Each structure stands twice: as C-alpha cells, then as structure tokens.
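In: opening with a subset of the complex:
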Amino acid sequence: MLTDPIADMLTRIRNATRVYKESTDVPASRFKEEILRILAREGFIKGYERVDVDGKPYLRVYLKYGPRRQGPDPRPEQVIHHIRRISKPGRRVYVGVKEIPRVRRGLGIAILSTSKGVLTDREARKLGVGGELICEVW
C-alpha cells in the first residue's frame, strides 16, 4: 500500500531529476501542494501546475537543472542534490523552536509543518514556532 505520500513525492522528484526529466507528475493534495509551494519559491524547481491524468488530479512539478558541463559526462549539476524526509511515519519527529536545525551551514533548507502552517526553518524562527520537521533538502 502507499504508506507515506510526501515520501513518495519526494522520491518521484528525486527519482526524476536523476534521469533528467523536464517535469514529473504526482498525486495532488493540498498539503503536497504546500510543499511544492515552498520548493519553487525557494528555487529548487521551476514551479508546478494542477493537472488531470485520465480523470485524476495531479501536480506537474517542473524540474530545474544547472548548465551543461564541459569535458566528459556533461550531466548538469542538479539544483536539488539532496532531498530526504526526516520525520517518517512510525517515528515522527517534532522539533522545538530552539531545536530547529540549521541546514548545510544554511545552504539547504528545512521544512516543517507548524500550527501556523508549513514552513522554512528561517521562516519558523522568524515566526517563533516549531513543528513536524518534514524534510531536509539542499
């Protein structure tokens, strides 16, 4: 069974970039939408539009890559090198505001879900809250 949504998502994303696709589909859902909402505004991706595949609702997340390298294997640096769920189901991990992590000397980002909504470590702290720390991405 599909045991963790977000998780799948992240993996479709992760799994797509690696092969270098332009965009990748993925089951829609307000929440998942708010995460993609972040990515693009954070710049890890171009953007995403709502869609219907044979009648079902899907989110087209549009991939973003780096320039063509020189020399051998000109496989472009990927905008999203790292991306993993931190709090998994059956080992959920909530953090306190003090405890919010700094990612990659603050190069990456972290996304939680606070009672004031789904956020970025930076935003959270600016916001004075903490919550389910969904994922690392850099």
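Out: Looks like it came in fine. Residues are numbered from 1 along each chain as shown, chains lettered A, B, ... in the order given.
In: could you use CA atoms for every contact and neighbour count after this?
Out: Noted.
In: where do the helices sit along chain A?
Out: All helices of chain A, identified by DSSP state H, fall at A:5-17, A:30-42, A:121-127.
In: nearest to residue A:91, of those?
Out: Proximity to residue A:91 (Cα to Cα) singles out helix A:5-17 among the helices of chain A, at 13.5 Å.
In: can you list the residues that contact that closest one?
Out: Contacts of helix A:5-17 from elsewhere in the structure, counted by Cα atoms under 8 Å, 6 or more residues apart in numbering, are A:23-24, A:26-27, A:32, A:61, A:63, A:78, A:80, A:83-85.
In: buried residues in that helix?
Out: Residues of helix A:5-17 classed as buried: A:6-10, A:12-14, A:16-17 (neighbour count, 16 or more other Cα atoms under 10 Å).
In: any chance of the helices of chain A in TSV, plus distance to residue A:67?
Out: Below are the helices of chain A laid out as TSV (distance: least, Cα to Cα, whole Å):
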stretch	distance to residue A:67
helix A:5-17	14
helix A:30-42	18
helix A:121-127	28
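In: nearest to residue A:125, of the buried residues of helix A:5-17?
Out: Distances from residue A:125 to the buried residues of helix A:5-17, taken as Cα to Cα, are shortest for residue A:6 (23.2 Å).
In: drop chain B onto that structure:
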Amino acid sequence: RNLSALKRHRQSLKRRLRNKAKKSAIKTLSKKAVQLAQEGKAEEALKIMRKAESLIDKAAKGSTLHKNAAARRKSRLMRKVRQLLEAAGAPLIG
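Out: Next up, chain B placed on what we already have:
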C-alpha cells in the same frame, strides 16, 4: 559499666503504671455503661457515660490520651449508646 541517663527507664515504669490504670479504668467504665444501655437503664447508663466522658477527657489532659484519641473514644461511646437506647426510648437525665 554505668550511665545515669537510665533514670528515664526508672521513670518510664512509673508512667507505665500511671497510664495503665487510667486507660483500663476507662475501658471498664465504657464496657460498664455499654451493657446498661443494652438493658435500657436510661437513667444510670448516662450517670455512667458521664463518669466515662470525664475520665477520658481527664487522661487527654495528660500524656495518656493522644488528644483526638479522647475524641474518638468520646464518639465511639456516645454513639454506641444513643443507638441502643432505641430498643427502649426516653433518656432520663440528659
């Protein structure tokens, strides 16, 4: 092999006998007043309950009756009496 802080034991005995005679005294009186109410001696029963209540409160004055101790005895006595005086009402004295 001596120590004068033993005089205390020499004393405790004195109080053992002291307390003893008082405590038992009460028991007897209570146990006396009791069987009266069984028979319905409304007059005398109390005549005794009264001698009881006093004795109790008297020990309470000293180190013989813990304090509230007197109290319990005062409750467990009177109550055990009133009730019995239902088998034949009308308290004579009061």
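In: for the longest helix along chain B, name the packing helices and strands.
Out: For chain B, the helix reaching the highest residue count under DSSP H is reported as helix B:7-39. Packing partners of helix B:7-39 (3 or more Cα pairs under 8 Å, 6 or more residues apart in numbering or on different chains; DSSP states H and E): helix B:42-61, helix B:68-82.
In: the last one to helix B:7-39, inter-axis angle?
Out: Direction vectors for helix B:68-82 and helix B:7-39, defined by axes from the mean of the first three to the mean of the last three Cα atoms, to 10 degrees, enclose an angle of 10 degrees.
In: mind listing what's buried along helix B:68-82?
Out: Going by neighbour count (16 or more other Cα atoms under 10 Å in any protein chain shown), the buried part of helix B:68-82 is B:70-71, B:73-74, B:77-78, B:81.
In: return the closest of these with respect to residue A:129.
Out: When the buried residues of helix B:68-82 are ranked by distance to residue A:129 (Cα to Cα), residue B:71 comes first, at 60.2 Å.
In: quick one: the strands in chain A, in order.
Out: Ranges of strands within chain A are A:23-24, A:47-53, A:56-62, A:83-85, A:109-114, A:117-120, A:132-137, based on DSSP state E.
In: now for chain C:
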Amino acid sequence: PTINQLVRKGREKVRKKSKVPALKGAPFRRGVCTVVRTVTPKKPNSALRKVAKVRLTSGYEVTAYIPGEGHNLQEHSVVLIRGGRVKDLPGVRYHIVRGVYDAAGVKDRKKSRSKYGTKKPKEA
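Out: The block that follows adds chain C to the chains above:
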C-alpha cells in the same frame, strides 16, 4: 531493524569478560608456589621458559611467569602476581612481581630496573 523492532526489542549491550580471575579487581595477589617447571615455547619460537604453579589467596591454583635472567624460586616459597599473558606460553595469564616477597630481584641488572625489582647499583 524497524524502529518498532528496536522498540519492542532494544539493543543488547556488550558484556565484558575479564581476562583475569585474580578474584577481586586486586592488582596483584600473593600466593605460595607449588611446582616450578620449564614449559617449552609455542609454535614459532622455541627455548625453555621458567614458570611457576601458584596457590593464591583468592582460592585458584594458577600458572604465572617468571621474567629475569634467572630466579631463585623454591617449592613452598611465597610470591607475588601482576597479570600479563604470554603469547608463546599458553595458560600463563599472570606474572610474578620480582623483588616482592620471597622472590628476588635479578642481580646484575643495569637497565630496566623499575621492573625486575632490582635496586640502584653504585658509582658516584
């Protein structure tokens, strides 16, 4: 293992077995020598090593090594033990503290005197 596993079950912490039954965690322990042999070495090296069977205060009657170019350990002599296995001499997990008790310090030692329990020789 699934986190649940780690939950229901938990990690087994590694128990430690002591390489030395000097009963108490004592550093040494005196004992009376029983037999004084000369066990032969192990596989590669061969020679003739002086050894001693010792009855301790803890109860066990063990085998200890006697370092030094030569000792002076008799039958019912009292001795002392420090503990220190010997590779080419199996079953010999202990040692005899030289210079303490009825065991002498090696005579004619001018080097690692700290051990062997000799004393500062003269010249000034």
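In: and what packs on helix B:7-39, now that chain C is part of it?
Out: Using 3+ Cα pairs under 8 Å, 6+ apart as the contact definition, the elements that helix B:7-39 packs against are helix B:42-61, helix B:68-82.
In: which of those helices sits closest to residue B:25?
Out: Once the helices and strands packed on helix B:7-39 are compared by Cα to Cα, helix B:42-61 is nearest, at 8.0 Å.
In: what's next to that closest one, contact-wise?
Out: Contacts to helix B:42-61, defined as Cα atoms under 8 Å, 6 or more residues apart in numbering or on different chains, come from residues B:22-23, B:26, B:29-30, B:32-34, B:36-37, B:65-67, B:69-70, B:73-74, B:77-78, B:85, B:90-94.
In: again, only using 6 Å
Out: Residues lying outside helix B:42-61 but in contact with it, judged by Cα atoms under 6 Å, 6 or more residues apart in numbering or on different chains, are B:29, B:33, B:36-37, B:65, B:67, B:70, B:91-93.
In: kindly report the same for stretch C:21-32.
Out: The set of residues external to stretch C:21-32 that reach it, using Cα under 6 Å, 6+ apart, is C:54-56, C:58, C:76-82.
In: let's see it at 8 Å
Out: Under the contact criterion Cα under 8 Å, 6+ apart, stretch C:21-32 has outside partners C:54-58, C:76-83.
In: cool, and stretch C:69-76?
Out: The set of residues external to stretch C:69-76 that reach it, using Cα under 8 Å, 6+ apart, is C:32-36, C:102-106.
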